[PDB]
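Below is one structure, written out as structure tokens; comments come after it.
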Amino acid sequence: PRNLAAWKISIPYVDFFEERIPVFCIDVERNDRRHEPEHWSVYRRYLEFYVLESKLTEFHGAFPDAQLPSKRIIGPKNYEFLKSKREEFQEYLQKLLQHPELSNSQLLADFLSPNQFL
């Protein structure tokens, strides 16, 4: 029985994919089963977070306590800028996981599962 509140995540660093596009590396731990629990990593682009927020809020309505900051329209989304947003983005996801409304969210699960948000 899926329960995202029993999933712990962190974004320990920013990496590169394709070494061309910068991405957040999201470590996931899944504790809604099992001694040792399940764990993996996922790589998400800056823009994918905004699509997640758009899609979640469309389906579930807004979350006052969990808001992404304004999307950068003018300027580069390079390594140092992703690095500057790491902690905010980590906190955003962690708060989402504790919303009862999202404890069985397919969007959030897909977002936090390896291998949609374009």
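Every chain in the structure tokens takes a letter, A first, then B, and so on in the order presented; its residues are numbered from 1, and the ligands are numbered from 1 following the presented order.
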Exercise for review: Please identify all polymer residues within 9 Å of residue 114 in chain A, counting only C-alpha atoms, omitting same-chain residues fewer than 6 positions from it, and present them as a list in words.
Suggested key: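 Listing them by chain and then by number gives residues 40, 41, 42 and 43 of chain A.
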Could you write those residues out with C-alpha atoms, as an mmCIF file, in the first residue's frame?
data_model
loop_
_atom_site.group_PDB
_atom_site.id
_atom_site.type_symbol
_atom_site.label_atom_id
_atom_site.label_comp_id
_atom_site.auth_asym_id
_atom_site.auth_seq_id
_atom_site.Cartn_x
_atom_site.Cartn_y
_atom_site.Cartn_z
ATOM 1 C CA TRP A 40 17.916 4.721 -5.608
ATOM 2 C CA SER A 41 18.762 8.010 -7.342
ATOM 3 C CA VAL A 42 16.964 10.141 -9.926
ATOM 4 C CA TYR A 43 18.200 13.065 -11.990
#
Point to revise | Residues within 8 Å of range 13-28 of chain A, only C-alpha atoms, excluding chain neighbours under 5 positions, as a PyMOL selection string | key: chain A and resi 7-8+39-46+78-79+82-83+86+112
Serialized selection, C-alpha atoms, as a PDB file, in the first residue's frame:
ATOM      1  CA  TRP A   7       9.672   8.178   1.537  1.00  0.00           C
ATOM      2  CA  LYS A   8      12.689  10.257   2.585  1.00  0.00           C
ATOM      3  CA  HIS A  39      16.841   3.192  -2.302  1.00  0.00           C
ATOM      4  CA  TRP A  40      17.916   4.721  -5.608  1.00  0.00           C
ATOM      5  CA  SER A  41      18.762   8.010  -7.342  1.00  0.00           C
ATOM      6  CA  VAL A  42      16.964  10.141  -9.926  1.00  0.00           C
ATOM      7  CA  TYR A  43      18.200  13.065 -11.990  1.00  0.00           C
ATOM      8  CA  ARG A  44      15.871  15.983 -12.679  1.00  0.00           C
ATOM      9  CA  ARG A  45      16.307  19.156 -14.684  1.00  0.00           C
ATOM     10  CA  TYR A  46      15.511  22.549 -13.194  1.00  0.00           C
ATOM     11  CA  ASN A  78      23.978  26.813 -15.272  1.00  0.00           C
ATOM     12  CA  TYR A  79      25.701  24.737 -12.563  1.00  0.00           C
ATOM     13  CA  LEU A  82      21.247  25.099  -9.864  1.00  0.00           C
ATOM     14  CA  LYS A  83      23.669  24.835  -6.921  1.00  0.00           C
ATOM     15  CA  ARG A  86      19.471  22.971  -4.285  1.00  0.00           C
ATOM     16  CA  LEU A 112      10.862  10.380  -7.801  1.00  0.00           C
TER      17      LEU A 112
END
Review point. Which neighbours of range 91-107 of chain A fall inside 12 Å, counting only C-alpha atoms, when residues of the same chain fewer than 6 positions from it are skipped, and could you give them as a PyMOL selection string?
Key: chain A and resi 1-12+26-30+32+48-69+85+113+116-117
Output C-alpha atoms for every residue in the selection just made, as a compact mmCIF listing (two decimals), in the first residue's frame.
# COMPACT_ATOMS: atom_id res chain seq x y z
CA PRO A 1 0.00 0.00 0.00
CA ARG A 2 1.85 3.08 -1.33
CA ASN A 3 2.61 5.91 1.12
CA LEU A 4 4.93 8.74 0.05
CA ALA A 5 5.07 10.12 3.62
CA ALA A 6 7.25 7.07 4.30
CA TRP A 7 9.67 8.18 1.54
CA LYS A 8 12.69 10.26 2.58
CA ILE A 9 14.56 12.22 -0.10
CA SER A 10 17.51 14.53 -0.36
CA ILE A 11 19.32 16.42 -3.11
CA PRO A 12 22.97 16.00 -2.04
CA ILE A 26 17.72 13.20 -5.95
CA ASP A 27 18.46 10.35 -3.52
CA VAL A 28 15.30 8.46 -2.64
CA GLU A 29 14.65 6.14 0.33
CA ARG A 30 11.42 4.12 0.42
CA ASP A 32 6.65 1.98 3.21
CA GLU A 48 11.05 19.56 -14.58
CA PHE A 49 10.32 20.84 -11.04
CA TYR A 50 8.15 23.65 -12.46
CA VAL A 51 6.20 21.22 -14.62
CA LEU A 52 5.69 19.04 -11.52
CA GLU A 53 4.36 22.04 -9.58
CA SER A 54 2.09 23.03 -12.47
CA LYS A 55 0.67 19.53 -12.87
CA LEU A 56 0.26 18.87 -9.16
CA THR A 57 -1.52 22.17 -8.50
CA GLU A 58 -3.79 21.59 -11.52
CA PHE A 59 -4.93 18.23 -10.17
CA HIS A 60 -4.83 18.86 -6.38
CA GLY A 61 -5.04 22.67 -6.08
CA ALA A 62 -2.38 24.91 -4.60
CA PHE A 63 -0.13 24.11 -1.63
CA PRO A 64 0.43 27.30 0.42
CA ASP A 65 3.32 25.83 2.44
CA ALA A 66 5.19 24.37 -0.57
CA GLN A 67 5.92 26.84 -3.38
CA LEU A 68 8.81 26.92 -5.82
CA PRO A 69 10.44 30.33 -6.20
CA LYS A 85 18.61 26.48 -5.56
CA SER A 113 11.26 7.09 -9.69
CA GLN A 116 6.70 13.21 -18.75
CA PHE A 117 7.98 16.47 -17.18
Exercise for review: Identify all residues of chain A in alpha helix (DSSP H) (DSSP on the backbone) and supply them as number ranges by chain.
Suggested key: A: 46-60, 79-97, 106-111
